[PDB]
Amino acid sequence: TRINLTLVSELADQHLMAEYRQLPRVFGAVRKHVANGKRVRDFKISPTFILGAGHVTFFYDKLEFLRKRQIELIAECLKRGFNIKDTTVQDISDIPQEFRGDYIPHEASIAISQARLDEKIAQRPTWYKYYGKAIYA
């Protein structure tokens, strides 16, 4: 799974879709632990953004950032006209507030997010499209 701090407006159509269906994977992971009775401090949450091991856990006390991000993601998808079935931002009022914090990415964390996108496109530049067209490559 992967969450980017990248502005959704410049996301490659593919990276935009992958994020649409991937982001919601965190709300569910948290709900499940909450079901298991786990608390936010029973998790090794990173002090700073990271990609890889510790990545999604990082977002375990930033459910707002994502919730809000979900609204942004949904918008862009519609703009480009992708027939998405879930046009509704999910209701996370059922989760202990300790998990629902906002998060203000630092300029350095974002650049890191970009780097990944920018090296994942390069693996297949002709294949990545923006609003239907292969602007990369």
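Note that residue numbering begins at 1 and tracks the sequence as displayed.
J.: Using only the Cα atoms and their B-factors as the entry lists them, report which of 29 to 37 and 64 to 72 averages higher.
T.: For C-alpha atoms only, the mean B-factor is higher in 29 to 37.
J.: Averaging the C-alpha B factors as listed in the entry, name the stretch that ends up higher: 87 to 95 or 108 to 116.
T.: Per the PDB entry, the higher value belongs to 87 to 95.
J.: From 14, 9, 22, 126, can you pick the one with the highest C-alpha B factor in the entry?
T.: Answer, based on the entry's C-alpha B-factors: 9.
J.: Considering every modelled residue of the chain and its Cα B-factor in the PDB entry, is residue 5 in the lowest, middle or highest third?
T.: Middle third.
J.: Once the chain's modelled residues are ordered by C-alpha B factor and cut into thirds, is residue 43 in the lowest, middle or highest one?
T.: Answer is middle: the recorded C-alpha B-factor places it there.
J.: Hey, what third does residue 100 fall into on Cα B-factor, ranked over its chain?
T.: For residue 100, whose C-alpha B-factor we compare with every modelled residue in the chain, the answer is the lowest third.
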